[PDB]
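Residue numbers (PDB author numbering), protein chains in the order written: chain CO, 2 to 43, 83 to 95, 104 to 110; chain LH, 1 to 190; chain LS, 1 to 174; chain LO, 1 to 204; chain CL, 2 to 43, 51 to 80; chain LM, 2 to 138; chain LB, 12 to 228, 268 to 294; chain Lf, 2 to 109. Where a beta carbon is used, it is the ideal one built from N, C-alpha and C, also for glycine. Before any comments, here is the structure.
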Amino acid sequence: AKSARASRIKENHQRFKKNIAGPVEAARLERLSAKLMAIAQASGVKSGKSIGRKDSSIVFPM
Amino acid sequence: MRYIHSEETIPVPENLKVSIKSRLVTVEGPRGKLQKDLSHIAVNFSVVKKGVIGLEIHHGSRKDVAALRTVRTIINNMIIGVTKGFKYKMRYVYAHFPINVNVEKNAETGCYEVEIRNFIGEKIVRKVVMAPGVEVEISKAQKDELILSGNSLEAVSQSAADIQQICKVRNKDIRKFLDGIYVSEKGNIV
Amino acid sequence: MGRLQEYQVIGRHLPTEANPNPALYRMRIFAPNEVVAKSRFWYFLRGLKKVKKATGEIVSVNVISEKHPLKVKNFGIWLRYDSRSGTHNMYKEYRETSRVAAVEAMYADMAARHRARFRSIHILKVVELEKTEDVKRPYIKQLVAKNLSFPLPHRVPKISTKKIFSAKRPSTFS
Amino acid sequence: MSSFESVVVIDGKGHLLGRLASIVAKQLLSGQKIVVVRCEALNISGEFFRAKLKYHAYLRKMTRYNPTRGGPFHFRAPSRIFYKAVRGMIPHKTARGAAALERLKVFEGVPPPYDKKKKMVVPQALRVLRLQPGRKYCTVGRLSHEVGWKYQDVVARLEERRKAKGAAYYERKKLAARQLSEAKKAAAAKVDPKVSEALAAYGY
Amino acid sequence: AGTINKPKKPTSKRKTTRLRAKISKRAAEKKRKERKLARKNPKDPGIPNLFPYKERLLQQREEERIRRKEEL
Amino acid sequence: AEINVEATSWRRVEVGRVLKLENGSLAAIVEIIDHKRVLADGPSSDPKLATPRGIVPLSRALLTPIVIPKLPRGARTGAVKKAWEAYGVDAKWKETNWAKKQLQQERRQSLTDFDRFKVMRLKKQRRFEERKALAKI
Amino acid sequence: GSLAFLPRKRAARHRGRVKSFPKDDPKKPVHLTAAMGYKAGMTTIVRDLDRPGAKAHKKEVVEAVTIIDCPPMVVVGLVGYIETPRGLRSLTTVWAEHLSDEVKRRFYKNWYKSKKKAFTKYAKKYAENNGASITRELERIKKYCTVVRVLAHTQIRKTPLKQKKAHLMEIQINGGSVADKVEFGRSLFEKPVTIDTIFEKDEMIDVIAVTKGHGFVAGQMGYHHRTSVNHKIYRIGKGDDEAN
Amino acid sequence: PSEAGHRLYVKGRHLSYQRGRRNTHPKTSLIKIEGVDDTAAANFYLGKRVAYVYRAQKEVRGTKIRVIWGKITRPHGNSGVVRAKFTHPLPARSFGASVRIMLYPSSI
RNA sequence: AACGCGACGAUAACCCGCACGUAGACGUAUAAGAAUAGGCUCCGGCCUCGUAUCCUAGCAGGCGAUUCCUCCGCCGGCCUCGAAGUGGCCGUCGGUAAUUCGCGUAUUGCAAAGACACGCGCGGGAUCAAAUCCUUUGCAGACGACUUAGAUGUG
Numbered sequence: 002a003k004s005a006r007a008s009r010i011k012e013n014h015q016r017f018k019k020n021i022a023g024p025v026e027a028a029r030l031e032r033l034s035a036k037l038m039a040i041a042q043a083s084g085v086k087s088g089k090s091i092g093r094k095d104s105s106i107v108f109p110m
Numbered sequence: 001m002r003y004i005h006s007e008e009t010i011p012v013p014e015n016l017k018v019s020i021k022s023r024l025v026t027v028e029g030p031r032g033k034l035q036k037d038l039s040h041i042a043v044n045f046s047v048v049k050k051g052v053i054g055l056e057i058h059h060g061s062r063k064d065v066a067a068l069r070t071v072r073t074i075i076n077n078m079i080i081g082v083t084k085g086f087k088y089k090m091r092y093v094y095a096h097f098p099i100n101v102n103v104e105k106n107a108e109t110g111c112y113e114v115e116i117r118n119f120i121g122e123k124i125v126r127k128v129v130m131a132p133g134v135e136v137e138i139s140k141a142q143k144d145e146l147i148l149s150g151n152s153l154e155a156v157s158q159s160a161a162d163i164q165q166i167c168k169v170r171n172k173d174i175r176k177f178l179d180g181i182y183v184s185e186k187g188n189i190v
Numbered sequence: 001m002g003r004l005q006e007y008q009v010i011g012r013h014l015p016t017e018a019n020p021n022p023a024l025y026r027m028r029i030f031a032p033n034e035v036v037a038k039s040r041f042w043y044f045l046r047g048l049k050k051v052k053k054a055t056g057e058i059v060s061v062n063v064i065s066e067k068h069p070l071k072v073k074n075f076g077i078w079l080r081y082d083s084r085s086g087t088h089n090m091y092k093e094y095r096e097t098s099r100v101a102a103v104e105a106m107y108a109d110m111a112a113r114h115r116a117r118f119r120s121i122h123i124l125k126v127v128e129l130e131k132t133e134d135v136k137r138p139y140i141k142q143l144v145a146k147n148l149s150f151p152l153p154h155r156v157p158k159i160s161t162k163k164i165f166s167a168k169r170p171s172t173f174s
Numbered sequence: 001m002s003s004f005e006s007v008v009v010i011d012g013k014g015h016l017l018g019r020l021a022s023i024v025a026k027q028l029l030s031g032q033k034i035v036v037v038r039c040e041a042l043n044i045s046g047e048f049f050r051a052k053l054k055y056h057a058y059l060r061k062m063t064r065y066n067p068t069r070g071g072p073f074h075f076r077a078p079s080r081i082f083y084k085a086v087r088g089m090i091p092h093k094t095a096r097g098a099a100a101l102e103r104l105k106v107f108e109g110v111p112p113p114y115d116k117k118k119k120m121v122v123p124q125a126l127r128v129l130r131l132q133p134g135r136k137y138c139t140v141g142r143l144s145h146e147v148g149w150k151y152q153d154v155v156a157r158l159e160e161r162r163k164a165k166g167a168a169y170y171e172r173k174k175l176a177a178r179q180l181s182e183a184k185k186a187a188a189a190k191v192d193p194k195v196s197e198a199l200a201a202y203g204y
Numbered sequence: 002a003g004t005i006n007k008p009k010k011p012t013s014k015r016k017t018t019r020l021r022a023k024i025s026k027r028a029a030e031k032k033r034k035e036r037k038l039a040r041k042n043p051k052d053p054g055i056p057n058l059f060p061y062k063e064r065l066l067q068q069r070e071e072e073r074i075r076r077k078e079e080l
Numbered sequence: 002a003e004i005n006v007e008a009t010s011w012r013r014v015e016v017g018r019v020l021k022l023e024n025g026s027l028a029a030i031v032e033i034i035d036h037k038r039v040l041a042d043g044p045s046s047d048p049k050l051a052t053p054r055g056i057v058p059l060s061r062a063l064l065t066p067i068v069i070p071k072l073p074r075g076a077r078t079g080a081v082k083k084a085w086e087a088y089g090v091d092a093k094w095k096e097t098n099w100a101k102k103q104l105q106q107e108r109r110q111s112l113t114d115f116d117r118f119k120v121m122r123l124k125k126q127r128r129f130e131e132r133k134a135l136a137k138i
Numbered sequence: 012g013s014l015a016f017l018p019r020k021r022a023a024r025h026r027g028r029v030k031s032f033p034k035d036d037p038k039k040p041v042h043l044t045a046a047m048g049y050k051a052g053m054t055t056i057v058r059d060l061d062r063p064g065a066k067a068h069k070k071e072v073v074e075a076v077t078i079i080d081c082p083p084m085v086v087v088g089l090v091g092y093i094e095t096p097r098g099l100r101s102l103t104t105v106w107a108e109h110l111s112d113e114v115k116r117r118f119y120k121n122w123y124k125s126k127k128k129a130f131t132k133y134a135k136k137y138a139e140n141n142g143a144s145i146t147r148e149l150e151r152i153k154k155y156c157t158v159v160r161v162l163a164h165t166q167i168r169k170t171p172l173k174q175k176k177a178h179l180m181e182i183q184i185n186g187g188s189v190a191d192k193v194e195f196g197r198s199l200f201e202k203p204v205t206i207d208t209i210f211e212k213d214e215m216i217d218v219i220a221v222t223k224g225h226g227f228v268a269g270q271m272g273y274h275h276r277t278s279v280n281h282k283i284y285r286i287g288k289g290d291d292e293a294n
Numbered sequence: 002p003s004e005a006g007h008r009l010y011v012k013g014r015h016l017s018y019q020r021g022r023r024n025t026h027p028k029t030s031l032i033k034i035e036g037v038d039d040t041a042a043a044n045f046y047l048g049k050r051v052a053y054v055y056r057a058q059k060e061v062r063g064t065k066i067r068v069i070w071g072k073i074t075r076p077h078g079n080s081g082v083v084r085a086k087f088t089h090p091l092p093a094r095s096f097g098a099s100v101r102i103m104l105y106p107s108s109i
């Protein structure tokens, strides 16, 4: 019997992944993301748009 | 013996554009552009006359002059590809199960895909991805024959070998089972 | 074998009442110094004929300076080295300005390519090629070829071994 | 030439593993602080199959009992490979060797604190200056990737971003050179010919 | 072969002193045996052809022979 | 039929090429011995640039751009001196960029302590002129 | 036994670590990757088999099926990870105001004797127009981060257990650009997420738990962290339907 | 403000003692002086005064600085390394330590 | 990793007492990348050479001018930096030989214990915020260990 890691079995599994389970999982995740979105919608420094500082074993002590 | 100097010459036709910046030989012709990096060998390029490129080695060995000869040949093949281009007439034979071949332009990646069916009756469909830059057509002049046309000799030959290798018989007497897809003609477009 | 010198050594058998006035034999020896030259001379005489050191005397030792040290020229050397199998003859060509330099390059090439030692190499003859076209060896005839002009690609520049750290990356175009 | 520095940064691209590591070890014993970058860009002579064969033999070397104490830990990071070389050349079991190892730091890629710093090279270890043109060579990063190193792509994108920022820095350096040279000429237009001739005579 | 991926047992180049001593003794025995066989018991190559002045050397040899005949 | 080749244009060693030794003198090549050693001589009247006729190693030799046009092979000291004076090798060496660097290095080495202090002051002044100019620009 | 699962170690954490998430590509639409529940028990179902080529095709098949009680989970945080030559690392996390009593019990160990002070200054920072700092953290996540996870907690106060401490876990957001997924999480803050939202009907998943410790009759036998792969959700029930 | 240096010495590194392969002699030390790499430079630096400065974690004369004095005597090898003799041998953990070579006595 | 790392939450600040102030700094200044049978560029030209550049004067570096608007430094604003996180610009203020002076330096002899302030510390006192012990739980248990729940409550 061919091993579970055989090249032929891997190629057939990849073909199955790209041709059969692909669209099914795509539509599944599409409706899932749709329901996710349904539930979800259901001065620079002074405003915080500019990223600033909050609040060393890489460099030798100086 | 450490030969002091050796040179070879490559003539170029009147209708090409050859450029070597560091070692990237880029040749421009009517059909397109072919670029190959030759950074793995030590050669000195020059233009020794109006239309002949001189490739030289100084203080090199016999292996180095052999490299000069082979790189000369590769450059000449690039010139031939950009002037005339290469054609491979491929033939397929069957005994009782007719082989079906379909070539399609996969638009994404812009590449040909060749699918082979009913090869000795196996339900598997052998799909081979095609080399970039070379074109495949189903010949109408002869039957059970394909044409592989391209600019790059290396690409077209590797693709033809890939087809002739994917269509290979397993665990059967080769003396009796003669099915397969085989190289028939190798030439220039012109 | 070192900075060699060419010595003309003349020796003779000791005089005897029965046989006075011997024939006064002569040789040319490439040796680092006069003592080695005399040792080589007596070795060759005892190897060839019966005359030995105890029964002979060296009447002359002289240096043979190269006639034109400032001229590059071609040498052909006929040699007979002894290997594991036996004595083998060779003729090798060299390009130098002096006979001693030719012999030194000869010894270096012999040691490098055939593992032949000083005790195993016998210098049978060395000759200056008077006229061109007497060159038979490609590795000299290529230098003898007319209008020789070549570059020197991939020159590693001399950076002092004591300058460990370099700020700029060397270039090899000089 | 025989210069003493606070710390020496060595760009590891194009350097022979053994020669560079030996020089670094000698510098550590001399007391000079050394840091090495682009350990993935380090180079090893010979052929890549020879390199894979020897390091796979190293992997084959294991202790019999649980590989947790006293067992050879096979570090697949290129920086740790350089560290293993330097450690083999360092008297690592002594206090002096421990001090040298603490003085040494090795990294993969170039973090910002050293990308905003100058990188030195060692001529005695450069692949270009040392190996014959016809000889083959291999990459420590490629060896590490094919033996098990997991972050070749990470350092790839980080290095590319560093390349973009360095290109921008060079463009601003070009502009600075423009202004500097133009200032040289404009000031030299009225630079007190006496003092200018004084500088010329003294050689500056 | 898959030696590249799975190396085998290494062959140690660290010679042992016992092996070195045995080799030394046996080689000495070999030298003595060669000497014993030799005591038991039971062509010049010439001037090379490629020499540029071999003809001149031959003429000198013939002339030297003529002078030897004249002397004797 | 257009060819665009950008390769490295090395300097060729030939009879007439003048090389700079490690001792700072110049010598024209008279004839090439091997691929690593040559015969060279500099009959320069200047004592600093003078070089005796002899064997020069190409490893210790550095190729200068100056070349003697039609120096015959085997030209002896008189002919080489004639070619040197006729072609003006000394003047072209003085014009060469390498000689400028050599003079600058020798002169920096010959600077004394008080000369160094004057260099300090005078560089400070010259710097003052530029510093302002750079703001202006 | 198998060498991949020895020596027999106790599970360091009673919850169970996810370790590996599915690989991310930007092309898919946004979605969470994980959810949590509580193993209630198992029942028996009979099914009209729809497996072509099977002996029992189109026949009654009796199977045993696990029930996992899955109350809605509450989003209370976002985290931004950065990719480094030393792996992924937590760059910065943002919390939500009005954190639940039960997630606070998770933050505490002795809740009965401790005055409830956790995250009080953080809520104050939200309240006192440090939205500058808030947007700063969110912009940092959008600009520097490549992987974002939503902190979500499951609610014992709805589960029928004597427990009262909630359950927290990080859940990766895949299928989109970093800015898109950060905006999605920001919308997600303070909203329950259902299992109808996270997972869906008749689908194959992976389940992580800690297998039981067989104690009191060479060492630890039981209580092992196990992620069993390839288990098929057949049904999702609603609670409120009463026709579940 | 001067904004300049006060250094009147040449930097060096105490590296090791005069040693064979398995036998060391602490009475004499090896010093690598900065900038010198030849026997001529070592000859220039011959006969010189040398100071090793270290901290003490206790004040004796109002300072924790202690100085061990010595002299560069004759060169070592060909790399410009020089040999030095002190009143007291340098500790041992000063292998690789900074040392000051003075400019006196001067022959200029 | 029980002596590898990160993000986050929540803390320990006061009163009295008393105890001390470098595995190697001395200008510890200098970021393109990339190739080395090519590269750089100002597009003129340039490349063996870091043998370079920057900086470099004043009581261990004073006072006052002369005179300069050149650099340096501190804080704010604007943005910027995430691989083990920072720099630029602008603005304020302080200092500032580029030029040129007059004042003081000594006898430390020809080289080799005062006050104040700032911190790290301990001995007690009370202050938070917690952890552990205790009880309970039993998805756990050779014993440790682990999941919970005990201060108003869906306890």
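When you compare the CB positions of residue i and residue j, do they come within less than 8 Å of one another, or not?
i, j, result
"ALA134 of chain LM", "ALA183 of chain LO", "yes"
"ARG67 of chain Lf", "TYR105 of chain Lf", "no"
"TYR182 of chain LH", "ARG117 of chain LH", "no"
"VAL100 of chain LS", "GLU6 of chain LS", "yes"
"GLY196 of chain LB", "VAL158 of chain LB", "no"
Alpha carbon to alpha carbon, what distance is there between residue j and residue i?
i, j, result
"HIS89 of chain Lf", "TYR53 of chain Lf", "11 Å"
"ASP109 of chain LS", "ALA116 of chain LS", "9 Å"
What does DSSP give as the partner residue(s) for residue i in the beta ladder?
i, result
"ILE53 of chain LH", "LH:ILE10, LH:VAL47"
"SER45 of chain LO", "LO:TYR137"
"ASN121 of chain LB", "In the DSSP output, where bridge partners are listed per residue, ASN121 of chain LB has none listed."
"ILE91 of chain CO", "None, per the DSSP bridge assignment."
Could you pull out every residue in the same chain whose Cβ sits closer than 6 Å to the Cβ of residue i, ignoring the five residues on either side in sequence?
i, result
"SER31 of chain LB", "none"
Quick one: residues in its chain with C-beta nearer than 7 Å to the C-beta of residue i, no 5 flanking neighbours on either side, listed in chain order?
i, result
"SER99 of chain Lf", "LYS12, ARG14"
Any chance you could list the beta strand (DSSP E) runs of at least 3 consecutive residues sitting entirely within the region 9-55 of chain LM, in chain order? 18-21, 27-33, 38-43
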